[PDB]
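Note that each Cβ is placed from the backbone with ideal geometry, even for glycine, and that neighbours are counted across all protein chains shown. Values in this text are rule-based calculations from the coordinates and carry no lab data.
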Amino acid sequence: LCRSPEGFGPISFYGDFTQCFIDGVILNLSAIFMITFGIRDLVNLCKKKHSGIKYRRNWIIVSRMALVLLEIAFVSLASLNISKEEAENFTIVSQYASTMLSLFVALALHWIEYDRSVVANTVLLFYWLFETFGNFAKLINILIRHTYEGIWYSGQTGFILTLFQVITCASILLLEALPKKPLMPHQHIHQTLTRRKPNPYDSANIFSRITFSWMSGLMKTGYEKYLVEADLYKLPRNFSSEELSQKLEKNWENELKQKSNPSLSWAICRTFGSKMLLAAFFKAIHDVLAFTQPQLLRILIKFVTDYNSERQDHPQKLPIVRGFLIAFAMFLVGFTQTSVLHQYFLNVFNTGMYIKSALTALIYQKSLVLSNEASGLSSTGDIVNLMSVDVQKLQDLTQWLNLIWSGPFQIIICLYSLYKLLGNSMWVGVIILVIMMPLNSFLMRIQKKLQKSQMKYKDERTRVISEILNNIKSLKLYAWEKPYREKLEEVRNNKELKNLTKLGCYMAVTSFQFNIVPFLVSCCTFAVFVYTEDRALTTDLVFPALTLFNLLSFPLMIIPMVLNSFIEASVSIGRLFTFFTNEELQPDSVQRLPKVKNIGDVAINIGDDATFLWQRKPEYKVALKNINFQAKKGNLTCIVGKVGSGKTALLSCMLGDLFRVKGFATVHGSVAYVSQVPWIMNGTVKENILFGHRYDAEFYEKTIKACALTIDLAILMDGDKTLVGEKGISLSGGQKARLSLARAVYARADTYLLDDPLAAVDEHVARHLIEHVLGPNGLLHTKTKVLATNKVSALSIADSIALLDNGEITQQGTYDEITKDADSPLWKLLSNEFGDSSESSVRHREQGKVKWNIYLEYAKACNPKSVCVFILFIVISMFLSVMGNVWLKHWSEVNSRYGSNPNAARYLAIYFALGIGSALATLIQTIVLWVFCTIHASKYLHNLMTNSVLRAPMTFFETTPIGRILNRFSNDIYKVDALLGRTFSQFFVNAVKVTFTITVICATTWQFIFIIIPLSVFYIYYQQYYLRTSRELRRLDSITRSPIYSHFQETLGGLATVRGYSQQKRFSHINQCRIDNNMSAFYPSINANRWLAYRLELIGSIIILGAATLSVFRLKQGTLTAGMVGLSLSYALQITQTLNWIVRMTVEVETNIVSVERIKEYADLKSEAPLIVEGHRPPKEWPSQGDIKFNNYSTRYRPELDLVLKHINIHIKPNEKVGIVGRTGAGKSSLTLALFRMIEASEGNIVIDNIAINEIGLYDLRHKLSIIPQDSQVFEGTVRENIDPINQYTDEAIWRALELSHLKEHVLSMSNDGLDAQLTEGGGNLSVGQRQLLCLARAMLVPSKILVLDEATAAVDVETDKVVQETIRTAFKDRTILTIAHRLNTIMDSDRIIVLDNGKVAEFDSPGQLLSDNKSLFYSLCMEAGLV
């Protein structure tokens, strides 16, 4: 529209913008950009802000002002220079005018910003960079025109001035974008405590908020140490859960009010929607910028094949420069694509986190407010699952909410992008891509079914091994290791792995299908383009088509996922909306009033003709009817009735729970409350006493003495610091009641509503306590007390007792008055300071280099000669696909050289037989991974692990808890089973694809080897940082995400008390703090992903520039064809995504190969003695009779503990029915364990009939020694096994044993199955005592010369005891026995009783002598017990 050699050309004949477009739009929009936004910011920063916190005029502003004055002088001087020659030009002179007019405002911002702002302004960065971009484009223009036409577009002075306007504007932009530091001024500090610094997202110039460079200070720390939970950064400005919850609550309340038919979905959209349109806009920009990368590739190939065709042999010879400016546009497009995609991810994940912390914290307030009946409809599981999972859906719908349209938008501008390029014959490709979706659904469904079956089989295996880990003592005692370990091998090696090779086969099939369809689209649409009525198929119609098909593949495999998530979230929103409309406590129930009433002990609260109800559903009338009663201040008033007839109902009414129909209901002062079933929160008992109150020590001792729990305080091993575990695992009913009452009294409330706490406390303690706290002489004498009881003494102590019935008041009067009224229910029955409160946020071991030896152990366990084949076929499956593309390149070049397609069939066939090779190689490599590599390791790790756990010294089982030693058989085997096998594939198939991409690019342009080295260094840098910090920032996400629900269900358990103490605020703030403590660790967790992805995608787009400018140099050297720049650059476009998987899967390896370390930790545990040596007498015990002969015997439980036995030398006689007894804490209980070598013999030995047992081995010894463990153990299974693993005895033998054990009938009792009746622990089992008879049957079935009888320390049925004694004295008549009976009665009738004390054999054989020898120690305990 203005005079110039070329008009308003966006792109000149060369590759640049024309001089009438550079300063006509690019350098004119920036100026109006300021005159619209920067002036607004100038107003805003100088309209309400006025301070001097920002430090003095440092040299940074001293330089920015100078480099703006020079810049404005240069703009004016360039206008002056152009005013002389080439003067009359509207666009240029107008651009100069608007330019200095806007640069003055830029100077103004530079002045105001440095005081009234700490964040570098956004406008004065984006404008002030657009200035540099426009001036740089103009300089490039006046260089291109000079080099290609001799003339200068400006006159060799405008050149110098524009070069300066570039060289200063860029320098001053870098000066503005890299400020020194904030708050340098003499101010000392804002937060003196400085517990957690404010996160750097605030105080981060827009460049840092775009390049995510504000985390590069956390990462470094996270790389050089583990990240303790107090090493993170607090939430940004507007992430506090209070703000979000209150915003959403206000909006949703307006929703319930105005919109007649409300909906929570609109309440969420109307609130957190303005941050979603921005994400949608960024997604649209990224989608547009993603489908102009192929267009630029197509343009570059067309340019190359035109330039070469021209140089073979003058109307405007093609300029080489255009090549570079299509090799640079491909970099700008990629860079802006990453910088806009990651802004979309940030602005969508933030809206995700604005619902996981504004609905998580808004469910809790409802739960405190909702009425009782709706609480009881679904008690605890569903309500906590309503935000453990039913909100994680709403926090994941956001990630796939823009793909409702951005899926049907990457498709339209891809189908159209292909139709303009590849003609009408693209449809036969998209039809394949569609009709493969049902196959993907089919395969994923079958894979899910196989995963379910495999998980069920794993549960079966883990229960079978849980039984062993539970009764390992019995297992080692009976020598049942092998014949009941092969019972686990028969599950793993036969039923479980057979459901893993099939899973491997189907994973191989789906991997093959995921590697052929990407190639079966391009080949099958070329096969139609060539043959149908068409034209040449040249290089610029194939290599763009490959990229377009690849970009089309993704938006089609996310259509099922998005709709699945959408339907799931619709269900979840239905659940939430039916939650948020229940009846909520109807707060007009009780009119609470302060306790300023009086000092003369007036009636606190009144019920006049009151008719309360649980809720307006049935029982809504007779819940509580016609109430008229007082409660007196400072007088213990009590109500008594039968169960639920008005006892708990009235108290629950006085708390405001129940609703009233008519009549006044008041309550004076703060109220304490003890629920009928007292509840204990999860924390230290001191916290329970305090219960969120200011700590007054002296009163704490006064209470702990008062409630008679100081004795229990001594009982607890930790005392006031004792952690009261989940639902009071460390407490029982009586201490629970006393603890609840202690909490109540320490609350020091002005009205005590005691709902029958006495029912679980000791009666002596009860009458001890009635006067300490309740009675007139108690500390709570001067406070009013309503009480529910059934005990009698309190009624006499009470003052104004009320007798009720069926939720109705019978009478109200004093004990003497009513007793004088001949009332059968009663007459015939026989000023302080309440505590304060305070609240706030609740809330080294340096890293080490990766463990490489574990990978080598996994390889050696993974058949190393067969893991080379896996990598070999990975290499082959990639090399064949690369050669398929090379053949595509050659065939396309042959098509382009000719007019038409010369030999369609031959080229097309040899191309097809080069993709099928790749897919087939992928199939075979995945099969070798599963069938040969993984399953041959999962069958060698677990085999070795279980073979070395079942042979660990019993001390090992004693020390470590069962909870973890079983975890390694549950998860650390499953993760090795079917979670680490594929994790090496996706990392090895992507550590080769990148290698071959680099190799094919370096083969086209060898100089590229100098770009990939400095890029690989930064790559490993960023990868190591992201690994070592994302592992932490994910662990810290997992740790702090459980206590949110572990606290919600805790609140749901005791809800009438938290509401009862009227401190609903404190628990709500506890929830808000527990939510912010999760967001504070989840924010860095995902912004770490953004940081890494930005770094890699930037690295992924320096290669595109590097492989397209080092390519055009080759072209200018005249050795480049169109194919050589189509192939290499079509791979270069793909390296971005495969540069993330190779990192993501490197994270997934690290969090999985820790499992193999845990396995190998156990697989080499120090074992016990060798099983079998030459000590092999035939009857499994050397003679048919056995007399154990000790000598010098002494040993210890553990190497550090004291000696259990001290130099014992005792000669037991054959078939001598001795009985070993001793008072507790003697070491007698571990004389069996030292007979079966379960604890090794330190000194001496145990010669059993002329042969010892030290040099014999366990398995041969432990055959013929029968024990009856103190805790009788039965395995999950059938009687046929629980009595014999060998089945070497006739079923008649088992039946005669059960008859002589008097338990043949009780097998058929529960189940008529015969012998294979079901047994387990939990469910199908015998009685709590019959297991003793069962173990007796086990002992008697083996014909045993020695039975080391042990008795349960707990109670037992004496009839079972005499049954056992009779059968062992009738079947073991001539047979040795060592009865270790704690109760002296069981062994006082034995043959030669012998007493042990502190590992010393004390007395001699004859028992009567021990009764009649200086009142011996045995006789001393005999008198003490009461048997003599």
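Things worth noting here:
- The set of residues in region 162-189 being in a loop (DSSP other than H, G, I, E, B) and closer than 30 Å to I140 by Cβ consists of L178, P179.
One line per residue, one yes/no per condition, for (1) under 30 Å from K633 (Cα atoms); (2) in contact with a strand residue (DSSP E or B) (Cβ under 6 Å, 6 or more places away or on another chain):
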site: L709; (1), (2): yes, no
site: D712; (1), (2): no, no
site: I715; (1), (2): no, no
site: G719; (1), (2): no, no
site: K727; (1), (2): no, no
site: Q735; (1), (2): yes, no
site: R738; (1), (2): yes, no
site: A744; (1), (2): yes, yes
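- Taking region 408-425 as the range and being within 13 Å of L551 (Cβ to Cβ) and either polar (S, T, N, Q) or not in a helix (DSSP H, G or I) (or both) as the test, the residues that pass are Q410, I411, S417.
- Condition check for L552: out of contact with any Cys (no Cβ under 6 Å at 6 or more places or on another chain), of a type in the set (A, V, I, L, M) and farther than 30 Å from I1268 by Cβ: no
- When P262 is tested against (1) under 29 Å from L129 (Cα atoms); (2) assigned to a loop (DSSP other than H, G, I, E, B); (3) in contact with a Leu (Cβ under 9 Å, 6 or more places away or on another chain), just one condition goes unmet, and that condition is (1).
- Residue match in region 493-510 (condition: closer than 30 Å to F554 by Cβ, in a helix (DSSP H, G or I) and of a type in the set (S, T, Y)): yes
- Of all residues in region 748-770, those that are out of contact with any helix residue (DSSP H, G or I) (no Cβ under 8 Å at 6 or more places or on another chain) and assigned to a helix (DSSP H, G or I) total 3.
- Index of the failed condition, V1328 passing every other in (1) within 19 Å of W480 (Cα to Cα); (2) part of a loop (DSSP other than H, G, I, E, B); (3) not aromatic (F, W, Y): (1)
Here's the yes/no breakdown for (1) closer than 24 Å to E467 by Cβ; (2) buried (at least 17 other Cβ atoms within 10 Å of the Cβ):
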position: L1300; (1), (2): no, yes
position: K1304; (1), (2): no, no
position: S1311; (1), (2): yes, no
position: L1341; (1), (2): yes, yes
position: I1346; (1), (2): no, yes
position: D1350; (1), (2): yes, yes
position: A1354; (1), (2): yes, no
position: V1358; (1), (2): no, no
position: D1361; (1), (2): no, yes
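Residues are listed down the side, and each one gets a yes or a no for (1) under 24 Å from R1031 (Cβ atoms); (2) surrounded by 13 or more Cβ atoms within 10 Å (Cβ to Cβ); (3) hydroxyl-bearing (S, T, Y); (4) in contact with a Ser or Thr (Cβ under 7 Å, 6 or more places away or on another chain):
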{"residue": "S203", "(1), (2), (3), (4)": "no, yes, yes, no"}
{"residue": "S213", "(1), (2), (3), (4)": "yes, yes, yes, no"}
{"residue": "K225", "(1), (2), (3), (4)": "yes, yes, no, no"}
{"residue": "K247", "(1), (2), (3), (4)": "no, yes, no, yes"}
{"residue": "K259", "(1), (2), (3), (4)": "no, no, no, no"}
{"residue": "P262", "(1), (2), (3), (4)": "no, yes, no, no"}
{"residue": "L277", "(1), (2), (3), (4)": "no, no, no, no"}
{"residue": "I285", "(1), (2), (3), (4)": "no, yes, no, no"}
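- For the residues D805, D836, the requirement of being surrounded by 13 or more Cβ atoms within 10 Å (Cβ to Cβ), under 53 Å from the mean Cα position of the chain (by Cα) and acidic (D, E) singles out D805.
- Filtered by the rule that a residue be part of a loop (DSSP other than H, G, I, E, B), more than 30 Å from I151 (Cβ to Cβ) and touching a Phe, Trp or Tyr at 6+ places or on another chain (Cβ under 8 Å), region 5-46 gives no residues.
- Listed by first and then second residue, the pairs linking a residue in region 999-1012 that is farther than 14 Å from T1109 by Cβ to a residue that is of a type in the set (F, W, Y), with Cβ atoms under 6 Å apart and 6 or more places separating them unless they lie on different chains, are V1000/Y1131; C1002/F1008.
- Hey, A327 more than 20 Å from the chain's Cα centre (by Cα) and either over 26 Å from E1097 (Cα atoms) or buried (at least 21 other Cβ atoms within 10 Å of the Cβ) (or both) or not: yes
- Pairs linking a residue in region 1241-1255 that is closer than 13 Å to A1169 by Cα to a residue that is part of a strand (DSSP E or B) and among the polar types (S, T, N, Q), with Cβ atoms under 6 Å and 6 or more positions apart or on different chains, are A1241/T1195; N1254/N1245.
- Single residue of region 875-934 satisfying the filter (among the small types (G, A, S) and more than 48 Å from the chain's Cα centre (by Cα)) that is surrounded by the fewest Cβ atoms within 10 Å (Cβ to Cβ): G899
- Residue list for region 668-692, restricted to those being closer than 14 Å to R748 by Cβ, surrounded by 20 or more Cβ atoms within 10 Å (Cβ to Cβ) and within 33 Å of the chain's Cα centre (by Cα): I689, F691
- The set of residues in region 1260-1276 that are touching a strand residue (DSSP E or B) at 6+ places or on another chain (Cβ under 9 Å), under 21 Å from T1379 (Cα atoms) and in a loop (DSSP other than H, G, I, E, B) comprises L1265, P1269, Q1270.
- Region 785-819: number of residues that are more than 16 Å from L741 (Cβ to Cβ), part of a strand (DSSP E or B) and touching a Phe, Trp or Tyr at 6+ places or on another chain (Cβ under 7 Å): 4
- Of the candidates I573, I599, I558, the single residue that is surrounded by 13 or more Cβ atoms within 10 Å (Cβ to Cβ) and over 16 Å from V389 (Cα atoms) is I558.
- Candidate set: region 117-131, residues that are buried (at least 20 other Cβ atoms within 10 Å of the Cβ) and in a helix (DSSP H, G or I); chosen: the one farthest from the chain's Cα centre (by Cα): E131
- For region 1152-1259, the strands (runs of 3 or more DSSP E) that sit wholly inside it and include 2 or more residues that are over 30 Å from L1027 (Cβ atoms) and either among the aromatic types (F, W, Y) or in contact with a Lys or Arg (Cβ under 6 Å, 6 or more places away or on another chain) (or both) are 1188-1196, 1203-1208, 1217-1221.
- Within this structure, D390 passes the test of being among the charged types (D, E, K, R) and crowded, with 17+ Cβ neighbours inside 10 Å.
- Identity of the residue in region 1190-1245, over 55 Å from the mean Cα position of the chain (by Cα), crowded, with 19+ Cβ neighbours inside 10 Å and aliphatic (A, V, I, L, M), that ends up farthest from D1405 (Cα to Cα): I1208
- Listed by first and then second residue, the pairs linking a residue in region 518-538 that is of a type in the set (S, T, N, Q) to a residue that is part of a helix (DSSP H, G or I) and surrounded by fewer than 17 Cβ atoms within 10 Å (Cβ to Cβ), with Cβ atoms under 6 Å apart and 6 or more places separating them unless they lie on different chains, are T525/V428.
- Residue within region 1338-1360 that is assigned to a helix (DSSP H, G or I) and closer than 29 Å to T1195 by Cβ present: yes
- Filtered residues of region 1056-1112 (kept if part of a helix (DSSP H, G or I) and small (G, A, S)): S1068, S1080, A1081, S1085, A1088, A1093, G1106, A1107, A1108, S1111
- Test result for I432, in contact with a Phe, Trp or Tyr (Cβ under 7 Å, 6 or more places away or on another chain), assigned to a helix (DSSP H, G or I) and hydrophobic (A, V, I, L, M, F, W, C): no
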